[PDB]
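In: once you've seen the sequence and the experimental structure below, I've got questions.
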Amino acid sequence: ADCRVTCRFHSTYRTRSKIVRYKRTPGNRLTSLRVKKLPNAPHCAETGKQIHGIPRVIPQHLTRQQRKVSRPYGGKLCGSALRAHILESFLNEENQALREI
Amino acid sequence: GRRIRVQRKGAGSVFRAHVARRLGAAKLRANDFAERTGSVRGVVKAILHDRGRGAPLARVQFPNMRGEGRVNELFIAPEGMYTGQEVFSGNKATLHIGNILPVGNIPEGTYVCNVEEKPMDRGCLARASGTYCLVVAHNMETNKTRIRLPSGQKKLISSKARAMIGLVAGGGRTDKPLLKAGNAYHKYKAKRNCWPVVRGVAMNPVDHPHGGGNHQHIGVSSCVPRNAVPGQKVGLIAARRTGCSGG
Amino acid sequence: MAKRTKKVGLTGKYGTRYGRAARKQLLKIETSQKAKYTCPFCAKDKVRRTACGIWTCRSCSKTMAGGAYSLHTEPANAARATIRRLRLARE
Amino acid sequence: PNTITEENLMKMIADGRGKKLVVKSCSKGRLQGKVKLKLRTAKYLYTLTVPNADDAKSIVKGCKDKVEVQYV
Amino acid sequence: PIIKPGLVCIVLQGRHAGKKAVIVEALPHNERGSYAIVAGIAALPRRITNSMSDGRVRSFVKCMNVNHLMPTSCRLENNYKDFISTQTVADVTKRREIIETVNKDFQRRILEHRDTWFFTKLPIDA
RNA sequence: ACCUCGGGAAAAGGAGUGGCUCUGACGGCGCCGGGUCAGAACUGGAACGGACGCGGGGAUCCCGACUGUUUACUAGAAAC
RNA sequence: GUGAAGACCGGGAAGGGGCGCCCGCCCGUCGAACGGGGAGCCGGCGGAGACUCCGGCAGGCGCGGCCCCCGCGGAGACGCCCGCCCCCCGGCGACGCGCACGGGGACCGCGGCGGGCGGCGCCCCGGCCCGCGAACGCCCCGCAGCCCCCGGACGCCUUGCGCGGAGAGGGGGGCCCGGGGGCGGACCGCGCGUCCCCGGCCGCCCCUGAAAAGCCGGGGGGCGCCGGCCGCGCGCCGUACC
């Protein structure tokens, strides 16, 4: 009648990295599986919006295709930000010519 | 006797500034060849909060003139500056809020803040919330500009000294009552161990010159000479006058 | 409605404490701090305070420096005008 | 552990890649529709559940003499 | 009526963002939206060679939403629309041969120093 | 009463409360799933928060506005 | 740099490396068995231990052999098995408190069926015990959120809100989701709570809630990788018990 359990971690102090999830094992016992803190996906350098297409896994265990977006400045800039950058650059050069002409 | 609180404070040690988690030293961009001739363009990446400062700070990113990267400056933010503003620091800079120009260039009557006491000091006067200095006059023969410090005192500073156009943001912060002792503890925790304050007439004879008797009284006059000794200067130092009055 | 008849509208929390003068002053500052202000870009009344001096428009996604309890302070409004008049005059 | 792609990839791995042992575990708990073939590789143990004993036989046919079978 | 065959534009969305592209046909306005057939430089020539010059050009022929392309003053007039068509490009194959032909057409121009504004990369400062 | 209009206030002061047998509500429909809120009869040495848990209240006067802090091992105060 | 010294104080001082060069102001192999970190699960075994043994099954990081070989798809948001070095720019590491509300997991309780009991003066299909499924690997879903494409409006919506000509609703999509299912590893239904995690908010502050190692994108230059498969390796110290 007791499903109380004991700590899996080196010390009992329950910090952010010391959280457990209880499941029943094949042998009918409650086991404490560790819950890893979810790493977070890259956020756009300009703006602050999470970059679409990249999973929230540590980048080392991801695979190169998964850790990249097929776009110029892909994991750095979101598409709206990139289109603003492209447009701003093109317009500046076009106004400069008008100043000369 | 015992060393008084003022004496114990100068060794730091518990009375040292709580400077952890403070963004950095807010300072005007360094004077450079491109500042001295022409203007450098920066973009305000962010406007954030300094732990012990009421006035908001601002991360402005300038291009690296020396090399190839981008350099980030921390500036006390004038009111009205926004993220994605273009701030120009230069001798040829337009008079818009945020821009840093030498005080000779700044016209008379202009509200300025983060003014340099001496050229290339990267910031000194008018750095607190709401505070500003005003350009009073320029002597173009002495290359000096009179400014009125927020105190009212008029200072003649070199025309070369730089200042950020505008009034520091955070204006009217002390208008709100602290209301509770708790709100005070939160403000001082971000600053230094100076609060709570025990009156010297509350302390025993050893601890303070005001000390203690059968009744809580200042004993001799609170006014102390300017040439007092370091543990004796405790009340009103060198008071020209005391008391509430008209004006 | 009008749950608080007097000007204890935001200061009902303080209850019977702190004195009338403090509560009256807090009414003005508190109402100003939690008010929505109009962003000079979004032009939408969505600016709210993040910290003392920092105001963000939720739609425009732009942060602007401001007064501790109001997006715009009276001294600042005057300074912007003085700087504009002096600027236009210099050019 | 994983499920091998039909006997398509299972027989391809059996032909060359590690196939240290195959186990024809029919009658897992005496249950029907139960021929489970468990290929041991270096990378993973793979299991294809096959509908009939005759279906299992076609995959057992062509099992290498070098490939080792065990039956449960 | 800005959108016309022979307009140089800057692609703004997709993998071809920031590239310069030329419209060879203005696809008729339809429920999908307004679209045009765009042929443009996916990759610029190359780097050092010998000294500065004493090396390949890649092109993309894809249909693209006009909203995703910013109009510019440049031209790059070529006959072009004889080979590039709606049945082609959509076709798997034929498009690859059409791309190959455009790649050669582009290299001839760059070697003969024609249409340099089109053949220079738009600098996107971060 | 008073009040700084937030309080005072659980002011003060009354009345009921069990068990049985029901009856409505409420989402739930292929009707299926709730356990609370009412209302009702019939009961019973004149019982029912039946143990347990769990403000006595009011009228003032003096201090200190308040929540806080303090003499570990005689002073928690009106002192700080 | 001081001081009679013991000692104390400290950036302004030709401060890093191979060959031809090149690049380069200037310290922590200090400090945390709770902070950050590349990766562990199940079943068993012993008189004394186990995330350590043993049996299975996996994950991490490197060293070699062999083979292969330098991008495509989309209207877009994305998708897809993918190079490395330098310099620049960025990201992840990385973060407060709260009332609610939602979603999972465990727990709990209720039936049913299957197995095992106990009592029985009368009743009892009314009592009790048991009915197990881990990391991991593929495939599929996953609210809210964030985007895309058409198009051009009083609507869409929450518990509370909030949202929309800077583009709502509607229609079709993309992404993330510490999760769920299916198979592999290897009993069936239902409900109310509790606890823990998580989400989208909303509130709050003269209070704004660490840093770095490491890892990974991006721009520009250089420049050839990349993978796959098969072996091997993983040293040091702590580990009884209270």
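Out: Structure's in. What do you need? Residues are numbered from 1 along each chain as shown, chains lettered A, B, ... in the order given.

In: could you use CA atoms for every contact and neighbour count after this?
Out: Fine.

In: skipping its backbone neighbours, what lies nearest the residue of chain A found nearest chain E in space?
Out: Per CA to the nearest CA, residue A:71 is where chain A lies closest to chain E, at 4.1 Å. Using CA to CA, 6 or more residues apart in numbering or on different chains and skipping the chain neighbours, the partner closest in space to residue A:71 is residue E:15 (4.1 Å).

In: ok, back up a step: distance of the residue of chain A closest to chain E from residue B:81?
Out: Here the criterion is CA to CA, to the nearest Å. By it, residue A:71 lies 33 Å from residue B:81.

In: for residue D:17, same thing?
Out: When residue D:17 is compared with residue B:81 (using CA to CA), they lie 66 Å apart.

In: any idea what the closest residue to residue E:66 other than its chain neighbours is bridged to?
Out: Excluding the flanking residues, the one nearest residue E:66 by CA to CA, 6+ apart is residue E:35, at 5.1 Å. With beta bridges defined as DSSP bridges, residue E:35 has these partners: residue E:27, residue E:65.

In: so which residues on chain D come close to RNA strand G?
Out: By CA under 7 Å from any atom of the strand, the part of chain D that sits against RNA strand G consists of D:1-3, D:17-18, D:36, D:38, D:40-49.

In: er, chain B I mean
Out: If contacts are counted using CA under 7 Å from any atom of the strand, the residues of chain B sitting beside RNA strand G are B:20-21, B:49-54, B:68-71, B:173-178, B:183-184, B:186-187, B:190.

In: narrow those residues to those in strands?
Out: Mapping the residues of chain B next to RNA strand G onto strands (DSSP state E) picks out B:70-71.

In: show me the residues of chain B next to RNA strand G that map onto helices.
Out: Using DSSP state H, the members of these that fall in helices are B:183-184, B:186-187.

In: among the residues you listed, who's most crowded?
Out: Each of those was scored by neighbours using other CA atoms under 10 Å in any protein chain shown; the highest score is residue B:187's, at 16 neighbours.

In: who are the contact partners of the nearest residue to residue B:193 once chain neighbours are set aside?
Out: Using CA to CA, 6+ apart and skipping the chain neighbours, the partner closest in space to residue B:193 is residue B:15 (5.0 Å). Residue B:15 is in contact with B:9, B:192-194, counting by CA atoms under 8 Å, 6 or more residues apart in numbering or on different chains.

In: next: residue B:38.
Out: Shown in contact with residue B:38 (CA under 8 Å, 6+ apart): B:90-93.

In: near RNA strand G, which residues of chain C are found?
Out: C:30, C:33-34, C:41-43, C:46, C:50-52, C:58-60, C:68.

In: return the members of those residues classed as buried.
Out: C:30, C:33, C:46, C:51-52, C:68 (16 or more other CA atoms under 10 Å in any protein chain shown).

In: can you add distance to residue D:27 and secondary structure and give those back as a markdown table?
Out: Rendered in a markdown table, the data for those read as follows (distance: CA to CA, whole Å; DSSP: H, G, I helix; E, B strand; the rest coil):
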| residue | distance to residue D:27 | secondary structure |
| --- | --- | --- |
| C:30 | 76 | helix |
| C:33 | 74 | helix |
| C:46 | 69 | coil |
| C:51 | 70 | strand |
| C:52 | 74 | coil |
| C:68 | 77 | coil |
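
In: would you turn the residues you listed into TSV with distance to chain A?
Out: Converted to TSV, these look like this (distance: CA to the nearest CA, whole Å):
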residue	distance to chain A
C:30	30
C:33	25
C:46	18
C:51	19
C:52	22
C:68	25
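
In: mind putting those in TSV, distance to residue D:12 included?
Out: What follows is those, written out as TSV (distance: CA to CA, whole Å):
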residue	distance to residue D:12
C:30	75
C:33	71
C:46	64
C:51	65
C:52	69
C:68	72
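
In: give me the phi and psi for the closest residue to chain A within chain E.
Out: Ranked by CA to the nearest CA, the top residue of chain E for proximity to chain A is residue E:15, at 4.1 Å. Reported as degrees, to the nearest 10, the phi and psi values for residue E:15 are phi -70, psi -20.

In: quick revisit: Throw the residues of chain C next to RNA strand G into TSV and include distance to RNA strand F, thanks.
Out: Below are the residues of chain C next to RNA strand G laid out as TSV (distance: CA to the nearest atom of the strand, whole Å):
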residue	distance to RNA strand F
C:30	15
C:33	20
C:34	20
C:41	38
C:42	37
C:43	35
C:46	29
C:50	26
C:51	24
C:52	24
C:58	32
C:59	35
C:60	37
C:68	24
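
In: among the residues you listed, which one sits closest to residue A:44?
Out: Each of these was checked against residue A:44 using CA to CA; the closest is residue C:60, at 17.0 Å.

In: which residue packs closest to the closest one, ignoring adjacent ones?
Out: Nearest non-adjacent residue to residue C:60 (CA to CA, 6+ apart): residue C:42, at 4.9 Å.

In: looking at it, that neighbour is touching residue C:59, isn't it?
Out: Yes. In this structure, residue C:42 is within contact of residue C:59 by CA atoms under 8 Å, at 6.8 Å.

In: can I get the top helix by length along chain C in PDB, CA atoms only?
Out: Ranked by residue count, the top helix of chain C under DSSP H comes out as helix C:74-90. Taking only C-alpha atoms (Å, rounded to 0.1, in the frame of the first residue of the first chain), the coordinates of helix C:74-90 have been written out as PDB:
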ATOM      1  CA  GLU C  74       5.700  67.300 -18.800                       C
ATOM      2  CA  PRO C  75       9.400  68.500 -18.600                       C
ATOM      3  CA  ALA C  76      10.300  66.100 -21.500                       C
ATOM      4  CA  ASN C  77       7.400  67.300 -23.700                       C
ATOM      5  CA  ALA C  78       8.800  70.900 -23.300                       C
ATOM      6  CA  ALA C  79      12.400  69.900 -23.900                       C
ATOM      7  CA  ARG C  80      11.500  68.100 -27.100                       C
ATOM      8  CA  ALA C  81       9.900  71.300 -28.300                       C
ATOM      9  CA  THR C  82      12.800  73.500 -27.200                       C
ATOM     10  CA  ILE C  83      15.300  71.200 -29.000                       C
ATOM     11  CA  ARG C  84      13.100  71.200 -32.100                       C
ATOM     12  CA  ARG C  85      12.800  75.000 -32.200                       C
ATOM     13  CA  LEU C  86      16.500  75.500 -31.600                       C
ATOM     14  CA  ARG C  87      17.400  72.800 -34.200                       C
ATOM     15  CA  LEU C  88      15.100  74.300 -36.900                       C
ATOM     16  CA  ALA C  89      16.500  77.800 -36.000                       C
ATOM     17  CA  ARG C  90      20.200  76.700 -36.300                       C
END
